[PDB]
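Step one of this worksheet: look at the structure below.
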Amino acid sequence: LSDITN
Amino acid sequence: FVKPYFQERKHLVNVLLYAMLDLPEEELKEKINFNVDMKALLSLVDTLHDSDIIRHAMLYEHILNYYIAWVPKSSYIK
Amino acid sequence: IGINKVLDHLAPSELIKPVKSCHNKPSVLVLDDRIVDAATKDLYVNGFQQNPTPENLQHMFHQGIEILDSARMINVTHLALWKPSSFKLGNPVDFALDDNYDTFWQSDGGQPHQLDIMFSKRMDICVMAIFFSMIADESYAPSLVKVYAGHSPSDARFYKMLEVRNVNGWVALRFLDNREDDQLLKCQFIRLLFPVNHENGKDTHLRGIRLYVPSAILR
C-alpha cells in the first residue's frame with residue numbers, strides 16, 4: 001500500500 | 001537654573017499647592033504663621049485659571065496628516 | 001481639467017474605502033456531496049448520491065464530460081503550457097489531460113506537490129473542471145487544494161480554498177468573488193498545490209482536468 005506514516 | 005533657589009525656601013510647597021487648589025484664606029490662616037497677600041493670592045488664581053494659552057477614518061486622516069506637515073535631556077518643554 | 005478628473009477616476013480612494021474592516025481570513029469552500037443546495041448544484045455537476053464500482057465511475061466520468069461539454073462553451077485545456085512539480089517516469093500530465101478515467105498522471109517528490117498552468121496569451125477562464133476519485137484513489141486522493149492566480153510566476157496570489165471529504169465525480173468551479181460584473185477569472189498564470197493527501201498520504205494522482213472559457217458554400 002506504501003505511504004507508510006511515521 | 002532657578003529650581004535650587006525654590007528648594008531653598010521652605011513654605012513654597014504648601015502655598016503653591018494651596019494656590020493650585022484655590023483654598024479659602026481662612027484655612028490658610030489656621031496653620032500658617034506668616035501673612036499672605038490676598039491681592040497676590042487673587043491675582044495668581046486669575047493667572048492660573050487663564051486659559052488663553054469612526055476609528056478607521058482617523059487612521060487614514062491623522063496618520064497621513066501628521067506627515068503631510070512636518071518640521072525637524074528629553075523634551076521637558078511642554 | 002480633464003487630466004485632473006481622469007486621475008481621480010483611475011484611483012478613487014475616499015469614495016472607495018468604506019470602513020477598511022476586512023476579516024483577512026482565507027475563505028474555505030465546502031465540497032461535500034451529501035447536502036443538496038442550489039449553489040452546490042451549480043458547482044457540483046454529477047449529482048448527489050455504498051461505493052460505486054470502478055466501471056460505474058468510468059460511466060459517470062463520460063457522462064460528466066458530456067454534460068460539461070453539452071453547454072455552449074470553449075475548451076482551451078490544450079492551449080497552455082503545463083509543468084508539474086515532478087514526474088515519476090510512468091505517467092506525464094498528458095494522461096491527466098487525455099479525458100480518460102483509466103489513465104492518469106502521478107507526481108513523485110516533495111510533499112507540497114505543485115501543478116503549473118502557464119498561458120501564452122491573456123485568456124479569460126470562466127469555469128475550471130477537475131475530477132476526483134475518493135473511493136478509486138483513496139491512497140493518493142487530494143485532500144486539501146489551494147488555487148492561486150496571477151499574471152506571471154512572480155505575482156502568484158491566493159484565490160480559494162478547497163477541502164475534500166467525499167467527491168467521486170467532476171467538480172466545476174466558476175469564479176465570482178474576484179469580479180462580480182464579469183463572472184469570470186482573468187489571469188495568465190494559474191498554479192495548484194496539493195500539500196497533503198487523505199489518511200496521511202504521500203503522492204497524488206489526477207484523473208482529469210479541463211479548462212473552460214467563453215467567447216451557401218462550396219466544399
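Ligands are numbered from 1 in the order shown, residues from 1 within each chain, and chains are lettered A, B, ... in the order they appear in the C-alpha cells.
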Proximity check chain C to chain A, 7 Å, nearest pairs one decimal Å, only C-alpha atoms, as a tab-separated table:
residue	atom	partner	partner_atom	distance
C:200	CA	A:5	CA	6.9
C:201	CA	A:3	CA	5.5
C:202	CA	A:3	CA	5.4
Note to self: At a cut-off of 12 Å, which residues of chain B touch chain C? Count only C-alpha atoms and give the answer as a list in words.
What the structure shows: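 Residues of chain B within 12 Å of chain C, counting only C-alpha atoms: residues 54, 55, 56, 57, 58, 59, 60 and 61 of chain B.
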Checklist line | Residue set, range 18-63 of chain B restricted to alpha helix (DSSP H), as a PyMOL selection string | finding: chain B and resi 18-21+25-31+38-49+55-58
Notebook entry, point to check: Do you know which residues are at most 10 Å from residue 108 in chain C counting only C-alpha atoms, after dropping those on the same chain fewer than 4 positions away, and could you put them as a PyMOL selection string?
Noted result: chain C and resi 84-89+113+202-205
Next item on the list: Would you mind listing what lies within 10 Å of residue 182 in chain C as an MDAnalysis selection string, with only C-alpha atoms counted and same-chain residues fewer than 5 positions away left out?
Entry: chainID C and resid 124 126 175:176
Residues from last step as file, N, CA and C atoms, as an mmCIF file, in the first residue's frame:
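Now in result-v7.cif:
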data_model
loop_
_atom_site.group_PDB
_atom_site.id
_atom_site.type_symbol
_atom_site.label_atom_id
_atom_site.label_comp_id
_atom_site.auth_asym_id
_atom_site.auth_seq_id
_atom_site.Cartn_x
_atom_site.Cartn_y
_atom_site.Cartn_z
ATOM 1 N N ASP C 124 -9.429 34.485 -20.737
ATOM 2 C CA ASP C 124 -10.371 34.708 -19.642
ATOM 3 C C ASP C 124 -11.082 33.393 -19.328
ATOM 4 N N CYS C 126 -13.486 30.982 -17.273
ATOM 5 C CA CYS C 126 -14.747 31.138 -16.558
ATOM 6 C C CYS C 126 -15.075 29.966 -15.645
ATOM 7 N N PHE C 175 -15.874 31.210 -11.193
ATOM 8 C CA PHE C 175 -15.286 32.223 -10.332
ATOM 9 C C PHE C 175 -16.150 33.475 -10.323
ATOM 10 N N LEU C 176 -16.566 33.888 -9.126
ATOM 11 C CA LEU C 176 -17.406 35.067 -8.956
ATOM 12 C C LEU C 176 -16.891 36.061 -7.928
#
Next item on the list: Would you work out the distance separating CA of residue 64 in chain C from CA of residue 103 in chain C, expressed in Å to one decimal?
Entry: 16.5 Å
Checklist line | Spatial neighbours of range 23-25 of chain C, max dist 12 Å, only C-alpha atoms, sep filter under 6 positions, as a PyMOL selection string | finding: chain C and resi 158-161
Margin query: Measuring between only C-alpha atoms, which one of C:165, C:78, C:9, C:59 shows the shortest distance to residue 143 in chain C?
Written below: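 Among the listed residues, the smallest separation from residue 143 in chain C belongs to C:165.
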Surrounding residues of range 117-122 of chain C excluding itself and chain neighbours under 4 positions, 9 Å, only C-alpha atoms, as an mmCIF file with N, CA and C atoms, in the first residue's frame:
data_model
loop_
_atom_site.group_PDB
_atom_site.id
_atom_site.type_symbol
_atom_site.label_atom_id
_atom_site.label_comp_id
_atom_site.auth_asym_id
_atom_site.auth_seq_id
_atom_site.Cartn_x
_atom_site.Cartn_y
_atom_site.Cartn_z
ATOM 1 N N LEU C 79 -4.348 24.653 -24.901
ATOM 2 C CA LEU C 79 -3.821 25.926 -25.375
ATOM 3 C C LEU C 79 -2.931 26.596 -24.332
ATOM 4 N N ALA C 80 -2.244 25.801 -23.514
ATOM 5 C CA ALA C 80 -1.446 26.339 -22.424
ATOM 6 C C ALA C 80 -0.299 25.387 -22.120
ATOM 7 N N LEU C 81 0.726 25.916 -21.454
ATOM 8 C CA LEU C 81 1.893 25.131 -21.079
ATOM 9 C C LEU C 81 1.740 24.615 -19.655
ATOM 10 N N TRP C 82 2.119 23.356 -19.451
ATOM 11 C CA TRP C 82 1.966 22.674 -18.174
ATOM 12 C C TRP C 82 3.322 22.180 -17.690
ATOM 13 N N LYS C 83 3.579 22.343 -16.392
ATOM 14 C CA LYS C 83 4.845 21.925 -15.792
ATOM 15 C C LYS C 83 4.594 21.519 -14.347
ATOM 16 N N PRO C 84 4.408 20.230 -14.083
ATOM 17 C CA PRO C 84 4.189 19.785 -12.703
ATOM 18 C C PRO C 84 5.464 19.898 -11.882
ATOM 19 N N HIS C 151 -0.668 37.046 -13.062
ATOM 20 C CA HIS C 151 -0.304 37.293 -14.449
ATOM 21 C C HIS C 151 1.071 36.746 -14.806
ATOM 22 N N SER C 152 1.798 36.204 -13.840
ATOM 23 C CA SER C 152 3.169 35.754 -14.038
ATOM 24 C C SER C 152 3.552 34.873 -12.852
ATOM 25 N N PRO C 153 4.590 34.046 -12.998
ATOM 26 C CA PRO C 153 5.123 33.339 -11.823
ATOM 27 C C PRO C 153 5.524 34.272 -10.694
ATOM 28 N N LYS C 186 -9.729 36.411 -14.952
ATOM 29 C CA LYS C 186 -8.817 36.910 -15.982
ATOM 30 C C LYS C 186 -7.396 36.843 -15.432
ATOM 31 N N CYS C 187 -6.642 35.836 -15.865
ATOM 32 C CA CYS C 187 -5.249 35.710 -15.467
ATOM 33 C C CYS C 187 -4.500 34.909 -16.520
ATOM 34 N N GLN C 188 -3.176 35.057 -16.513
ATOM 35 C CA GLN C 188 -2.301 34.305 -17.398
ATOM 36 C C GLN C 188 -1.478 33.253 -16.670
ATOM 37 N N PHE C 189 -1.563 33.192 -15.342
ATOM 38 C CA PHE C 189 -0.748 32.286 -14.540
ATOM 39 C C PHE C 189 -1.619 31.642 -13.476
ATOM 40 N N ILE C 190 -1.741 30.317 -13.532
ATOM 41 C CA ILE C 190 -2.503 29.544 -12.560
ATOM 42 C C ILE C 190 -1.640 28.381 -12.094
ATOM 43 N N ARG C 191 -1.517 28.217 -10.779
ATOM 44 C CA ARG C 191 -0.791 27.094 -10.204
ATOM 45 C C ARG C 191 -1.624 26.455 -9.102
ATOM 46 N N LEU C 192 -1.456 25.145 -8.942
ATOM 47 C CA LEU C 192 -2.212 24.362 -7.978
ATOM 48 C C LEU C 192 -1.264 23.669 -7.009
#
Note to self: Need the shell around residue 132 in chain C: protein/DNA/RNA residues with any atom at most 8 Å away, counting only C-alpha atoms. Skip same-chain ones fewer than 5 positions apart. Format as a VMD selection string?
What the structure shows: chain C and resid 141 to 142 167 to 171 206 to 208
Let's have the selection written as a tab-separated table (two decimals), in the first residue's frame, with C-alpha atoms.
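What ended up in result-v6.tsv:
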chain	number	residue	atom	x	y	z
C	141	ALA	CA	-6.57	11.23	-3.12
C	142	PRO	CA	-6.10	15.03	-2.96
C	167	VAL	CA	-16.27	13.64	-4.01
C	168	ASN	CA	-16.34	10.84	-6.58
C	169	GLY	CA	-17.14	12.98	-9.60
C	170	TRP	CA	-16.34	16.02	-11.67
C	171	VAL	CA	-16.07	19.33	-9.81
C	206	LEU	CA	-5.07	13.50	-11.19
C	207	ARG	CA	-7.64	11.58	-13.23
C	208	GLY	CA	-8.99	14.50	-15.26
Notebook entry, point to check: By how many Å are CA of residue 139 in chain C and CA of residue 97 in chain C apart?
Noted result: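 Spanning CA of residue 139 in chain C to CA of residue 97 in chain C is a straight-line distance of 20.9 Å.
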Next item on the list: Would you mind telling me which residue in C:219, C:146, C:210, C:5 lies nearest to residue 94 in chain C when using only C-alpha atoms?
Entry: C:210
Next item on the list: Could you check which of C:68, C:193, C:74, C:35 is closest to residue 215 in chain C, using only C-alpha atoms?
Entry: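 So, comparing all the options, the nearest one is C:74.
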